[PDB]
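Take a look at this single chain in structure tokens; it is the form deposited in one PDB entry.
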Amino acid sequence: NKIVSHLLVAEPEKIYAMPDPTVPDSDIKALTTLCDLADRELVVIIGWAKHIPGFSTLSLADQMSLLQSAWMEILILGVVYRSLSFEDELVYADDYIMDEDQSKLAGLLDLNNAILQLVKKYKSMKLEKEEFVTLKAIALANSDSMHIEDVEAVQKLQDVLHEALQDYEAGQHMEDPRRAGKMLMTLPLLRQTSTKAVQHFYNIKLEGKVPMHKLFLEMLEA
């Protein structure tokens, strides 16, 4: 399938957490590391969206409406995928993996546990790289933004991506004629965890105790 192959190549290189070794571990350390991971990640996410067939033809208003409405779903999907091969750990980055003890110290036990729920479902379905990239483009198109101009244009974007996933599962998973749907049926838990993550960090924003860069702050606002 052309779109799937294309999304597979458009898939960016590993990004690193890079927590300072000189600085002693604390909750602000972790929270600041993560917020820095996210600003760098968001930069990449924006240049990747430019490779999604038919996205860049939308207006700048649309492209931005989708993006500021889906960015956290694209970030969590990323964490979730990388963690597929671990037990109760979340791989934010190769150089930054959190287990329970750690997530408590960052006060992200809940958010993380929600994210491991998502992990379990995909682990359980044996989510492949091809399904991950397609699912990510679909989460961007099906973001459900309010301020969208050309509604038909976006609906048309959801449909080419949908058909791409549908083709993949048809040619690759003939034994489960219902796999494309099982995949879509996970988008709801992704939406939920995602807005729970955006809210939580907005609070870290307010409490001023954690420095954040501009992009992460801008998205965290919007």
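So that the term is clear: the rigid core is the largest set of C-alpha atoms that superpose within 1.5 Å between two forms. So that there is no doubt, residue numbering starts at 1 and follows the sequence shown.
- After superposition on the rigid core, the larger root-mean-square Cα deviation in 8 other deposited structures of this protein belongs to 16-24, not to the other of 210-218 and 16-24.
- Of the two segments examined, 4-12 and 212-220, it is 212-220 that shows the higher average Cα temperature factor in the deposited entry.
- On average the C-alpha atoms of 102-110 have higher B-factors than those of the other stretch, with 80-88 and 102-110 being the two compared.
- Reading the B-factor column for the CA atoms of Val133, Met72, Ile148, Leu140 in the entry, the top value corresponds to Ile148.
- You'll see in the entry that, of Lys29, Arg179, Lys156, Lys50, the Cα B factor peaks at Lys29.
- In this PDB entry, the Cα temperature factor of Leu187 sits in the bottom third of its chain's modelled residues, the lowest group.
- When the modelled residues of the chain are ordered by C-alpha B-factor, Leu60 sits in the highest third.
- Per-chain ranking of the deposited C-alpha B factor places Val160 in the lowest third.
- Sort the modelled residues of the chain by CA B factor and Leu66 lands in the lowest third.
Missing here is the form deposited with a small molecule bound; even so, the following discussion is about that form.
- Annotated contacts: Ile52, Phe55 and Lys156 are all free of the small molecule in the deposited bound form [non-hydrogen atom within 4.5 angstroms].
- Think of it this way: in the deposited bound form, the small molecule has a heavy atom of just one of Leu140, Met72, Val133, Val119 within 4.5 Å, and the residue is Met72.
- In the deposited bound form, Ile3 stays away from the small molecule, with no heavy atom inside 4.5 Å.
- None of the heavy atoms of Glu169 is located within 4.5 Å of the small molecule in the deposited bound form.
- The small molecule is not drawn, but in the deposited bound form it has a heavy atom within 4.5 Å of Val79.
- For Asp62, no non-hydrogen atom is located within 4.5 Å of the small molecule in the deposited bound form, even though that partner is not displayed.
- Heavy atoms within 4.5 Å of the small molecule in the deposited bound form are found in one stretch of 62-70, 173-181, 37-45, 158-166, which is 37-45.
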